[PDB]
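Encoded as structure tokens, the following chain is the form deposited in one PDB entry, with no partner shown.
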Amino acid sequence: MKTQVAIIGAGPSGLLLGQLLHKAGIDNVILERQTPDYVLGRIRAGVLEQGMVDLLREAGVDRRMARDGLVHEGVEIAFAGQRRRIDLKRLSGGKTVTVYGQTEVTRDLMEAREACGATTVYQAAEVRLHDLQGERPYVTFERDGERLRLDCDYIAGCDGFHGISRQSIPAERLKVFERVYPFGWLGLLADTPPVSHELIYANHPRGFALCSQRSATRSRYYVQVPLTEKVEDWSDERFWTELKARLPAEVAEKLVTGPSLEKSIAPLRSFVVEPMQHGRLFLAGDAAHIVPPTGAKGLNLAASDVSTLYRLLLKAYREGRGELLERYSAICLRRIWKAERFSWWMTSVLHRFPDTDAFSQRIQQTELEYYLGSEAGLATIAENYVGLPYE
């Protein structure tokens, strides 16, 4: 078989890229290691930047989002016995963010793809990439036990952190930047009303806590935990008690608790690889970079990489301007580094780090006081949180 663009991975990155390309008349095949059900089982992110919202509308997959998504104009930060609200709309010049689950976004895209008849091969095992620096690269994989070959012009690696695509680039061509945090986030999804209409990030002496939501009757909470903890050590009862201990009393008393629909621990990490391409292979999303979830940039960076790759492929196919594809990494990296800096800052000011001396604790508190108390300070948070403009 042959196609124009081969896409490895059927998470939001690959599905979004595949839908945009399909609509533009550029044929693409998506290869996914897992089953549709397995992909839809992942909870993950819940905050979308306007750029991604617009991209979804452009891919023609925004009906349910427009209907069910919640537009937020602010967010709160609680620390040292106080709650500070950042008016994102006012401080960013009218921009806002939309709360709509990643699971929902993925489901919307999967439906759209199924309906349009574009090619998607689930359970594509042992995917391998070949002749990346040739005129005609190709992908091989096994279906049922048979090894198939897919010829193409370009390959988009949208296979996440553990995908085969980043592994397929000669190690000596890549420059990796990484930072692992000494803690993870224990998240819990519950069919209960959110404790607030906006998100509450809380820096507490016992550790970080985050109150989020998915809808009016679905909440998503997180608590910072050491990397040594295992989810089976945390009953729902234990989680709720801990969450409450980390929240302002007035918030903790309004909290409606209930049984978890999902509960898991995800460790924190920062990761960037440079460049993000090699020959006919272009990396996008988690395959190229990782940000701690504190700033809600993961899914959002996948969106901007895809937007950039899609527009460059359009120039290549529609206008015969293939040379522009060489600029992919430079364009994406500029946005990526700024989002990595913000996520890192967000993480350092909201979490409790092990082995912190007195000076550092005081500086962490002063960072909060300064940034949340100055108009210019609030503005730096807001503009970064709503998301810097696409290039």
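We call the rigid core whatever largest set of C-alpha positions still superposes within 1.5 Å between the two forms. Only residues modelled in both forms are compared. One rule holds for the numbers: they count along the sequence shown, beginning at 1.
Q. Where do the C-alpha atoms have the higher mean temperature factor in this entry, in 98 to 106 or in 73 to 81?
A. Here the higher of the two C-alpha B-factor means belongs to 73 to 81.
**Q.** Entry-level comparison of average CA B-factors, 49 to 57 and 349 to 357, reporting the higher stretch
**A.** Stretch with the higher mean C-alpha B-factor: 349 to 357.
Q) From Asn300, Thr294, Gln133, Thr308, pick the one with the largest CA B-factor in the entry? A) Out of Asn300, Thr294, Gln133, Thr308, the record gives the largest C-alpha B-factor to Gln133.
Q. Which one of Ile164, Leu189, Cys158, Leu148 shows the top CA temperature factor in the record?
A. Highest C-alpha B-factor among the listed options: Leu148.
Q.
Please say which third, lowest, middle or highest, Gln365 falls into when its CA temperature factor is compared across its chain.
A. Its C-alpha B-factor belongs to the middle third of this chain's values.
Q.
Based on the deposited C-alpha B factors for this chain, I'd like to know if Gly285 is in the lowest, middle or highest third.
A. Tercile = lowest for this residue's CA B-factor.
Q) Sorting the chain's CA B-factors, does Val273 end up in the lowest, middle or highest third? A) Its C-alpha B-factor, which the entry lists for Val273, ranks in the lowest third among residues of this chain.
Q. Compared with the other modelled residues in the chain, in which third is the CA B-factor of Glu340?
A. It falls in the bottom third of the chain.
Q. With respect to C-alpha B-factor, does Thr35 fall in the lowest, middle or highest third of the chain as deposited?
A. For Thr35, the deposited C-alpha B-factor lands in the highest third.
Omitted here: the form deposited in another entry. The next part is about that form.
Q) Upon rigid core superposition, which of the listed residues (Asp151, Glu253, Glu178, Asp131) is displaced by 2 angstroms or more at its Cα between the shown form and the other one? A) Per the superposition, the moving residue is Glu253.
Q.
Rigid core superposed, CA of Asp87 - does it shift 2 Å or more between the shown form and the other one?
A. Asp87: C-alpha displaced by less than 2 Å between the shown form and the other one.
Q) Would you say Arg107 moves its Cα by 2 Å or more between the shown form and the other one, aligning on the core? A) Not so; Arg107 is displaced by less than 2 Å.
Q) Rigid core fitted, is the C-alpha displacement of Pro194 between the shown form and the other one 2 Å or more? A) Yes, the C-alpha moves 2 Å or more.
Q: Compare the CA separation of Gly298 and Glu262 in the other form with the one in the displayed structure, and answer closer or farther (the difference is at least 3 Å).
A: Farther: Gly298 and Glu262 separate by 3 Å or more in the other form.
(Q) Give the residue ranges, in sequence order, where three or more consecutive C-alphas each shift by 2 Å or more between the shown form and the other one after rigid core alignment. (A) Once the cores are aligned, runs 192 to 195, 249 to 253, 262 to 266 are those whose C-alphas move by at least 2 Å.
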